[PDB]
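Single-structure report; data block below.
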Amino acid sequence: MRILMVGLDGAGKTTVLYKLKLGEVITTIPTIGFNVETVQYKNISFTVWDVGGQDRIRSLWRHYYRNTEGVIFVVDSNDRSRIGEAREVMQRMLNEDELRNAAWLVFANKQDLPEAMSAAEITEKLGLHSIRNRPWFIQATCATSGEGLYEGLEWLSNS
Amino acid sequence: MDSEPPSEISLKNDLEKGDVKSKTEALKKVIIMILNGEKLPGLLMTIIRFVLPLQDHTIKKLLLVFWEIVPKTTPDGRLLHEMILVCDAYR
């Protein structure tokens, strides 16, 4: 299974990936580029493309769209200023023809932080209810603990 | 591929295949058809996707090659930006 994981910078995309691959919480640098890794979960081998979220790189995601079976969209639940921006990025991503049938999994992340928005709140802000054309799911996660990560891999594998 | 102007559908297939040699050969086949002067933009997203960050020189060199002879014309996988897919991860 081919997976594209994106989201704004600092959402926690690489932390998520290497928690999944190494069971370890690594010390990230901003990703100017991608990381690509293969992860085994329950007889599925997920090839995850973690593509950096800062602006220059954001402009490049479209090259990773093609062949994508599922999309992990990571959100920093503690950052309320950038939630609209996330909504804007994700909405036009939903309009992409190469992403047309891909399974849509939102991770509301850093759920560990006291003022993190809830997954329900995030669902309203991102406009997730309005997707009728394909599968979507939202999952509260904490990438450092590992909470919600495998519930994500589970949902994804049931595409 | 000496000069074969309709072969762009096969090149897309050959461009990502999970085999590095095939990808290199494909990108090479694109170069030779452009230099003669033949069809090339269909491929762009495929071309750009494997190679981008890597320090692995041969594909990078190949992509680097294709950016001095047609970068401006091709726009499927590049479009128009300041830090295009010609140079963003080529920093």
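Convention: chains lettered A, B, ... in structure tokens order; per-chain residue numbering from 1; ligands numbered from 1 as shown.
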
Where does DSSP see strand (DSSP E or B) in stretch 2-74 of chain A, if you list the residues as a PyMOL selection string?
-> chain A and resi 2-7+34-41+44-51+70-74

Output N, CA, C and O atoms of each residue in that selection to a file, as a short mmCIF file (atom, residue, chain, number, x, y, z; two decimals), in the first residue's frame.
data_model
loop_
_atom_site.label_atom_id
_atom_site.label_comp_id
_atom_site.auth_asym_id
_atom_site.auth_seq_id
_atom_site.Cartn_x
_atom_site.Cartn_y
_atom_site.Cartn_z
N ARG A 2 0.50 2.19 -0.94
CA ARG A 2 1.21 3.46 -1.11
C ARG A 2 0.51 4.65 -0.42
O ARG A 2 -0.65 4.98 -0.72
N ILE A 3 1.26 5.30 0.48
CA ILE A 3 0.73 6.33 1.37
C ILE A 3 1.49 7.66 1.21
O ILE A 3 2.72 7.68 1.20
N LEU A 4 0.76 8.76 1.08
CA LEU A 4 1.36 10.10 1.07
C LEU A 4 0.98 10.83 2.35
O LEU A 4 -0.20 11.07 2.63
N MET A 5 1.98 11.18 3.15
CA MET A 5 1.75 11.91 4.38
C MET A 5 2.29 13.33 4.29
O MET A 5 3.51 13.58 4.12
N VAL A 6 1.35 14.27 4.38
CA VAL A 6 1.66 15.68 4.30
C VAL A 6 0.88 16.44 5.36
O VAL A 6 0.09 15.87 6.10
N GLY A 7 1.14 17.73 5.42
CA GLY A 7 0.56 18.60 6.41
C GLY A 7 1.50 19.76 6.51
O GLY A 7 2.58 19.71 5.94
N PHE A 34 11.70 15.00 1.15
CA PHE A 34 10.88 13.93 1.71
C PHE A 34 11.72 12.95 2.54
O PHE A 34 12.95 12.97 2.50
N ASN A 35 11.02 12.14 3.33
CA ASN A 35 11.53 10.88 3.85
C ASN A 35 10.64 9.81 3.28
O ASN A 35 9.42 9.99 3.21
N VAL A 36 11.20 8.70 2.84
CA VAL A 36 10.33 7.63 2.40
C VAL A 36 10.73 6.36 3.13
O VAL A 36 11.91 6.04 3.23
N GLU A 37 9.75 5.67 3.68
CA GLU A 37 10.07 4.49 4.49
C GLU A 37 9.01 3.42 4.31
O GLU A 37 7.90 3.71 3.87
N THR A 38 9.36 2.18 4.62
CA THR A 38 8.38 1.11 4.55
C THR A 38 8.13 0.61 5.95
O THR A 38 9.06 0.40 6.71
N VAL A 39 6.85 0.43 6.27
CA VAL A 39 6.43 0.02 7.61
C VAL A 39 5.55 -1.21 7.52
O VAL A 39 4.64 -1.26 6.69
N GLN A 40 5.79 -2.20 8.36
CA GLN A 40 4.92 -3.38 8.38
C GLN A 40 3.87 -3.28 9.47
O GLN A 40 4.17 -3.05 10.64
N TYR A 41 2.61 -3.42 9.06
CA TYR A 41 1.53 -3.54 10.03
C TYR A 41 0.58 -4.61 9.55
O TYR A 41 0.01 -4.48 8.46
N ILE A 44 0.39 -5.91 5.96
CA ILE A 44 0.51 -4.85 4.96
C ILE A 44 1.88 -4.17 5.05
O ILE A 44 2.35 -3.86 6.16
N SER A 45 2.52 -3.94 3.91
CA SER A 45 3.70 -3.08 3.89
C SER A 45 3.39 -1.68 3.33
O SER A 45 3.34 -1.47 2.11
N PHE A 46 3.26 -0.70 4.22
CA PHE A 46 2.92 0.67 3.83
C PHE A 46 4.19 1.40 3.42
O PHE A 46 5.14 1.53 4.21
N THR A 47 4.20 1.91 2.20
CA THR A 47 5.28 2.77 1.81
C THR A 47 4.83 4.22 2.01
O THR A 47 3.98 4.75 1.27
N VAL A 48 5.42 4.85 3.02
CA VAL A 48 5.04 6.19 3.42
C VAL A 48 6.02 7.25 2.94
O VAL A 48 7.23 7.21 3.22
N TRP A 49 5.46 8.19 2.19
CA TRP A 49 6.18 9.34 1.71
C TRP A 49 5.82 10.54 2.59
O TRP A 49 4.74 11.11 2.46
N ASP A 50 6.75 10.92 3.45
CA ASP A 50 6.59 12.06 4.35
C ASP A 50 7.19 13.28 3.64
O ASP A 50 8.40 13.41 3.48
N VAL A 51 6.34 14.19 3.20
CA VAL A 51 6.89 15.27 2.38
C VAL A 51 6.82 16.58 3.13
O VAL A 51 5.76 17.00 3.56
N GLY A 70 -3.54 6.13 -0.37
CA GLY A 70 -4.05 6.80 0.81
C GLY A 70 -3.18 7.96 1.24
O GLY A 70 -1.97 7.97 1.09
N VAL A 71 -3.85 8.93 1.86
CA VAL A 71 -3.29 10.22 2.20
C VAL A 71 -3.40 10.40 3.72
O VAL A 71 -4.51 10.34 4.27
N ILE A 72 -2.27 10.58 4.41
CA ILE A 72 -2.32 10.98 5.80
C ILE A 72 -2.06 12.46 5.89
O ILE A 72 -1.02 12.94 5.47
N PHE A 73 -3.04 13.18 6.43
CA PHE A 73 -2.92 14.62 6.58
C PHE A 73 -2.78 14.96 8.05
O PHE A 73 -3.72 14.84 8.82
N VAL A 74 -1.58 15.39 8.42
CA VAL A 74 -1.26 15.63 9.81
C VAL A 74 -1.51 17.10 10.15
O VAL A 74 -1.14 18.01 9.40
#

Wanna dump the chain B-chain A contacts at 12 Å for me, each residue with its shortest atom pair and the distance in Å to one decimal, counting only C-alpha atoms, ordered by chain and number, as CSV?
residue,atom,partner,partner_atom,distance
B:12,CA,A:66,CA,11.6
B:13,CA,A:67,CA,11.9
B:16,CA,A:67,CA,10.4
B:17,CA,A:67,CA,11.6
B:43,CA,A:63,CA,10.9
B:44,CA,A:63,CA,8.5
B:45,CA,A:63,CA,4.9
B:46,CA,A:63,CA,7.0
B:47,CA,A:63,CA,8.8
B:48,CA,A:63,CA,6.5
B:49,CA,A:63,CA,5.3
B:50,CA,A:64,CA,8.9
B:51,CA,A:33,CA,10.8
B:52,CA,A:33,CA,7.6
B:53,CA,A:33,CA,5.8
B:54,CA,A:33,CA,9.1
B:55,CA,A:33,CA,11.9
B:75,CA,A:63,CA,11.5
B:76,CA,A:63,CA,9.1
B:77,CA,A:63,CA,5.8
B:78,CA,A:60,CA,7.9
B:79,CA,A:59,CA,9.4
B:80,CA,A:59,CA,9.6
B:81,CA,A:59,CA,7.8
B:82,CA,A:56,CA,8.3
B:83,CA,A:56,CA,6.0
B:84,CA,A:60,CA,7.6
B:85,CA,A:60,CA,6.5
B:86,CA,A:60,CA,10.2
B:87,CA,A:56,CA,9.5
B:88,CA,A:56,CA,6.3
B:89,CA,A:33,CA,5.8
B:90,CA,A:33,CA,9.3
B:91,CA,A:32,CA,8.8

Keeping N, CA and C atoms, export the residues of the selection given above as an mmCIF file, in the first residue's frame.
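The resulting file, part_11.cif, is reproduced below:
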data_model
loop_
_atom_site.group_PDB
_atom_site.id
_atom_site.type_symbol
_atom_site.label_atom_id
_atom_site.label_comp_id
_atom_site.auth_asym_id
_atom_site.auth_seq_id
_atom_site.Cartn_x
_atom_site.Cartn_y
_atom_site.Cartn_z
ATOM 1 N N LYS B 12 6.534 6.970 -19.574
ATOM 2 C CA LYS B 12 5.940 7.259 -18.296
ATOM 3 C C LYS B 12 6.003 6.036 -17.446
ATOM 4 N N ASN B 13 5.654 4.868 -18.069
ATOM 5 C CA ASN B 13 5.699 3.559 -17.461
ATOM 6 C C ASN B 13 7.076 3.125 -16.962
ATOM 7 N N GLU B 16 8.936 5.151 -13.700
ATOM 8 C CA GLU B 16 8.903 4.714 -12.308
ATOM 9 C C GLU B 16 8.420 3.290 -12.334
ATOM 10 N N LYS B 17 9.215 2.395 -11.663
ATOM 11 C CA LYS B 17 9.096 1.042 -11.982
ATOM 12 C C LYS B 17 9.666 0.284 -10.883
ATOM 13 N N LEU B 43 5.010 13.352 -19.345
ATOM 14 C CA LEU B 43 5.765 12.604 -18.412
ATOM 15 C C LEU B 43 5.998 13.331 -17.132
ATOM 16 N N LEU B 44 5.907 14.717 -17.055
ATOM 17 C CA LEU B 44 6.661 15.469 -16.056
ATOM 18 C C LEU B 44 6.583 15.027 -14.568
ATOM 19 N N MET B 45 5.400 14.702 -14.038
ATOM 20 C CA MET B 45 5.235 14.313 -12.617
ATOM 21 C C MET B 45 6.013 13.055 -12.258
ATOM 22 N N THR B 46 5.985 12.105 -13.205
ATOM 23 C CA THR B 46 6.705 10.885 -13.060
ATOM 24 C C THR B 46 8.124 11.102 -13.033
ATOM 25 N N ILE B 47 8.669 11.888 -13.951
ATOM 26 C CA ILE B 47 10.069 12.162 -14.098
ATOM 27 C C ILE B 47 10.571 12.698 -12.755
ATOM 28 N N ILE B 48 9.991 13.867 -12.329
ATOM 29 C CA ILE B 48 10.345 14.585 -11.097
ATOM 30 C C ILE B 48 10.306 13.878 -9.756
ATOM 31 N N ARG B 49 9.318 12.941 -9.545
ATOM 32 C CA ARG B 49 9.107 12.246 -8.310
ATOM 33 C C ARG B 49 10.174 11.339 -7.587
ATOM 34 N N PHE B 50 10.899 10.447 -8.357
ATOM 35 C CA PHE B 50 11.965 9.619 -7.726
ATOM 36 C C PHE B 50 13.185 10.389 -7.263
ATOM 37 N N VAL B 51 13.711 11.246 -8.117
ATOM 38 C CA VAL B 51 15.063 11.807 -8.120
ATOM 39 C C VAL B 51 15.279 12.884 -7.112
ATOM 40 N N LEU B 52 14.318 13.848 -6.866
ATOM 41 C CA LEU B 52 14.409 15.142 -6.225
ATOM 42 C C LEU B 52 15.434 15.491 -5.128
ATOM 43 N N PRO B 53 15.444 14.954 -3.870
ATOM 44 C CA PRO B 53 16.436 15.201 -2.859
ATOM 45 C C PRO B 53 17.729 14.586 -3.059
ATOM 46 N N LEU B 54 17.786 13.280 -3.327
ATOM 47 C CA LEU B 54 18.959 12.411 -3.369
ATOM 48 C C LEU B 54 20.276 12.955 -3.712
ATOM 49 N N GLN B 55 21.318 12.338 -3.101
ATOM 50 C CA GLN B 55 22.663 12.659 -3.369
ATOM 51 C C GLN B 55 23.138 11.703 -4.428
ATOM 52 N N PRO B 75 5.422 21.575 -18.006
ATOM 53 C CA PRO B 75 4.883 22.257 -16.842
ATOM 54 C C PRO B 75 3.907 21.264 -16.100
ATOM 55 N N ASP B 76 3.702 19.999 -16.510
ATOM 56 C CA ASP B 76 2.780 19.110 -15.784
ATOM 57 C C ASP B 76 3.097 18.850 -14.352
ATOM 58 N N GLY B 77 4.365 18.768 -14.049
ATOM 59 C CA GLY B 77 4.950 18.201 -12.823
ATOM 60 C C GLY B 77 5.749 19.306 -12.249
ATOM 61 N N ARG B 78 5.832 20.518 -12.857
ATOM 62 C CA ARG B 78 6.647 21.601 -12.399
ATOM 63 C C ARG B 78 5.846 22.781 -12.098
ATOM 64 N N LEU B 79 5.064 23.261 -13.114
ATOM 65 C CA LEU B 79 4.192 24.439 -13.057
ATOM 66 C C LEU B 79 5.189 25.646 -12.946
ATOM 67 N N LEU B 80 4.727 26.761 -12.369
ATOM 68 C CA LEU B 80 5.525 28.015 -12.241
ATOM 69 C C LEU B 80 5.535 28.515 -10.813
ATOM 70 N N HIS B 81 6.723 28.614 -10.282
ATOM 71 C CA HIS B 81 7.124 28.996 -8.959
ATOM 72 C C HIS B 81 8.531 29.476 -8.910
ATOM 73 N N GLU B 82 8.935 30.096 -7.776
ATOM 74 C CA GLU B 82 10.238 30.553 -7.610
ATOM 75 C C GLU B 82 11.213 29.474 -7.318
ATOM 76 N N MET B 83 10.762 28.482 -6.486
ATOM 77 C CA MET B 83 11.521 27.313 -6.085
ATOM 78 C C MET B 83 10.785 26.149 -6.759
ATOM 79 N N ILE B 84 10.857 26.105 -8.112
ATOM 80 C CA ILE B 84 10.263 25.063 -8.926
ATOM 81 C C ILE B 84 10.796 23.647 -8.610
ATOM 82 N N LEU B 85 10.382 22.577 -9.402
ATOM 83 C CA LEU B 85 10.771 21.217 -9.144
ATOM 84 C C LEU B 85 12.080 20.913 -9.887
ATOM 85 N N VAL B 86 12.795 22.041 -10.282
ATOM 86 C CA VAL B 86 14.047 22.224 -10.926
ATOM 87 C C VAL B 86 14.977 22.584 -9.860
ATOM 88 N N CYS B 87 14.504 23.130 -8.687
ATOM 89 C CA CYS B 87 15.339 23.681 -7.696
ATOM 90 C C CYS B 87 14.447 24.122 -6.580
ATOM 91 N N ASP B 88 14.497 23.361 -5.487
ATOM 92 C CA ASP B 88 13.701 23.392 -4.274
ATOM 93 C C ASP B 88 14.389 22.378 -3.399
ATOM 94 N N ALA B 89 14.734 21.165 -3.980
ATOM 95 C CA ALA B 89 15.383 20.070 -3.254
ATOM 96 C C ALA B 89 16.755 19.888 -3.883
ATOM 97 N N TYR B 90 17.110 20.885 -4.675
ATOM 98 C CA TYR B 90 18.317 20.886 -5.419
ATOM 99 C C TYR B 90 19.135 21.955 -4.762
ATOM 100 N N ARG B 91 18.651 22.339 -3.591
ATOM 101 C CA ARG B 91 19.358 23.207 -2.695
ATOM 102 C C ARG B 91 20.108 22.210 -1.886
#

Long-range neighbours of residue A:118 as JSON, numbers by chain, 8 Å cut-off, only C-alpha atoms, 2 positions minimum in chain = {"A": [77, 108, 111, 116, 120, 121, 122, 140]}

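When the distance limit is 10 Å and only C-alpha atoms are what count, the residues near residue B:7, minus those fewer than 2 positions from it on the same chain, are residues 1, 3, 4, 5, 9, 10, 11, 12, 29, 30, 33, 39 and 40 of chain B.
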
Among the residues B:42, B:57, B:36, B:25, the one that comes closest to residue B:74 [using only C-alpha atoms] |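 Selected residue with least distance to residue B:74: B:42.
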
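Picture a line from atom CA of residue A:126 to atom CA of residue A:139; it runs 13.2 Å.
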
Minimum-distance residue to residue A:128, chosen among A:43, A:78, A:54, A:91 (using only C-alpha atoms) | A:91
